[PDB]
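> One structure, as structure tokens, below. Some questions next.
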Amino acid sequence: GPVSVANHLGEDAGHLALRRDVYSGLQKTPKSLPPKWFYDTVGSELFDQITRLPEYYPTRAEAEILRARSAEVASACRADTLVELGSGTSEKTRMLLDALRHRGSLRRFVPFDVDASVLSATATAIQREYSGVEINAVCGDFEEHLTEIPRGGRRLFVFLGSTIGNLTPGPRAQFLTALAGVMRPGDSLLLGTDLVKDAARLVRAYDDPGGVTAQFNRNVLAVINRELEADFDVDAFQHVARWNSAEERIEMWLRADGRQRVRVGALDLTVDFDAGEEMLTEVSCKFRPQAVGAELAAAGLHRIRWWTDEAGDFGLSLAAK
Ligand SMILES: O=C(N[C@@H](Cc1c[nH]cn1)C(=O)O)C1CC=CC1
């Protein structure tokens, strides 16, 4: 079937976004950086490695649920269109496409993400693997472009991996409200959320002993050095994963080993790190089952299915507009 890729991001959008995120985040107290910048080519291969670590249970936990429940997802939502908020590159994408195809209802695949080159490769791959399916890839961001997702048919929106945990409660409610606003009655959302559990298991999932996650975290400094002509001493920053018991969220920090003075040339900006000062690079909010249903309802959606894996480590919600 035919492929389309519609690009709503200017060629310079990513660079300007990085400039302003860094300019603002390095002047906060504490300093912080959005986690979107982990995912350059190096960071993405490091993330792929993380998903295979025994300590990082979310990937396999969600896959276990999806292998058991994708058929029920397909029959409950009756969708003819799969909208992925993501790049379409995973085995989980195929699990869901296969389930819709097995019902004979798969007409359209809409991968929605910020990298047109990844989206292009996905569209080609899906076109080869799924005859009779139209692929309408959309290059855009959550803030501006959810309305650019093609209309019509009965759409299952998918946002897996507990990526929604990267949004603190305020922005998370704003995002779910915006998403539900582009959803039509009869459309569905399948949402993955990692669950509150033993704090040590949570910290261990974000600090594997071989230091893959540590490398992934520090890599945001390499990205800033390379893209904005900065001089972070990348090795003088230590990876710290913290469980925030009050907000029930994992936090990833980078901790300065000794005082540091960093000049970001492309921004004409100098910042200081005190010895032992920590900079926040990612929050990973963890959820309770009832609370996810309540957040969906607050956005105008109605949860009709909740599933966990056999250990209760991870949850999937199916919600209808
Ligand atoms: O992948 C995401 N979140 C993961 C990231 C991760 C895994 N190990 C360490 N960090 C999580 O919180 O588990 C989302 C946010 C942006 C792109 C997808």
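With my numbering applied, the sequence shown has no gaps in its numbers, which climb one by one up to 374 at the end. Using N, Cα and C, we set each Cβ at its ideal position, and we do this for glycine too.
Would you check if there are 3 or more beta carbon pairs closer than 8 Å linking the stretch 310-325 to the stretch 201-208?
Touching, no, given that fewer than three Cβ pairs across the two stretches are closer than 8 Å.
> To the nearest whole angstrom, what separates the beta carbons of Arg131 and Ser158, a pair I think is in contact under 8 Å?
That belief holds up - the Cβ atoms of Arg131 and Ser158 are roughly 7 Å apart, short of 8 Å.
> Do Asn219 and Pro88 come within 8 Å of each other at the CB atom, strictly closer than that value?
Yes, they are a contact pair.
> In its own chain, which residues sit with a C-beta less than 6 Å from the C-beta of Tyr109, not counting the 5 before and 5 after it?
Answer for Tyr109: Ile103 and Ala258, listed in chain order.
> Can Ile303 and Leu255 be called in contact, C-beta distance under 8 Å?
Their beta carbons are under 8 Å apart, which means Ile303 touches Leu255 by this criterion.
> How would you label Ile202, buried or exposed, when you count the other beta carbons within 10 angstroms and need 16 or more for buried?
Its Cβ being crowded by 16 or more others within 10 Å, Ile202 is buried.
> Taking all protein chains shown into account, do 16 or more other C-beta atoms lie within 10 angstroms of the C-beta of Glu197, making it buried, or fewer, making it exposed?
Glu197 is exposed by the Cβ-count criterion.
> Within 10 angstroms of the Cβ of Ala299, are there 16 or more other Cβ atoms? Answer buried if so, exposed if not.
That one is exposed.
> Mapping the DSSP letters down to three states, classify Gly234 as helix, strand or coil.
It is helical.
> Can you look up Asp168 in the DSSP assignment and give me helix, strand or coil?
Coil at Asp168, not helix or strand.
> Within 8 Å, do at least three Cβ pairs link the stretch 76-88 to the stretch 221-237?
No, they do not touch.
> Please name the residue in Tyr76, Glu331 and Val317 whose C-alpha comes closest to that of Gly311.
When only C-alpha atoms are compared, the closest one is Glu331.
> Under 7 Å: does the beta carbon of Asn219 sit that close to some heavy atom of ligand 1?
For ligand 1, at least one heavy atom lies less than 7 Å from the Cβ of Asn219.
> With a threshold of 7 Å (Cβ to nearest heavy atom), would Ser140 be considered close to ligand 1?
No, since every heavy atom of ligand 1 falls outside the 7 Å radius drawn around the Cβ of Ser140.
> Between the C-alpha atoms of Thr200 and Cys192, what's the straight-line distance to the nearest angstrom?
Going by the C-alpha atoms only, they are around 12 Å apart.
> Quick check for students: name the residue ranges of the beta strand (DSSP E) that lie wholly in the stretch 255-310, counting only runs of 3 or more.
Counting whole runs of 3 or more residues, the stretch 255-310 contains the beta strand (DSSP E) stretches 290-297 and 302-309.
> Tell me whether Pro88, by its Cβ, gets closer than 7 Å to a heavy atom of ligand 1.
Under cutoff, so the answer is yes.
> Does the beta-carbon distance from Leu281 to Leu71 come in below 8 Å?
A contact, by the Cβ cut-off of 8 Å.
> In terms of residue numbering, what span does the alpha helix (DSSP H) encompassing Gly206 cover?
Element bounds for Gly206: n/a, residue is neither H nor E.
> Take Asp151 and list the residues in its own chain whose beta-carbon comes closer than 8 Å to its own, dropping the five residues that flank it on each side.
Around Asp151: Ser123.
> Decide if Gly96 is buried, meaning its Cβ has at least 16 other Cβ atoms within 10 Å, or exposed.
Result: buried.
> On the DSSP bridge list, what partners appear for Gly67?
The partner list for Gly67 (beta bridge, DSSP) is empty, contrary to what the question assumes.
> With distance defined between alpha-carbon atoms, name the residue in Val315, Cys338, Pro222 and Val287 nearest to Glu301.
Taking only the C-alpha atoms, the option nearest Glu301 is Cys338.
> In terms of alpha-carbon separation, which member of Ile277, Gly329, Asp251 and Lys250 lies closest to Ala289?
For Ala289, the nearest C-alpha among the options comes from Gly329.
> Between the alpha carbons of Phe195 and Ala231, how many angstroms are there, rounded?
Going from the Cα of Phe195 to the Cα of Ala231 covers about 8 Å.
> Pull up the distance between the alpha-carbon of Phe269 and that of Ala350, whole angstroms please.
So the two alpha carbons sit approximately 35 Å from each other.
> Compute the Euclidean distance between the alpha carbons of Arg105 and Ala267, then round it to the nearest angstrom.
Rounded to whole angstroms, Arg105 to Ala267 spans 15 Å at the Cα level.
> When the Cα atoms are used, what is the spatial distance from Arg120 to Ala66?
Whole-angstrom Cα-Cα distance: 37 Å.
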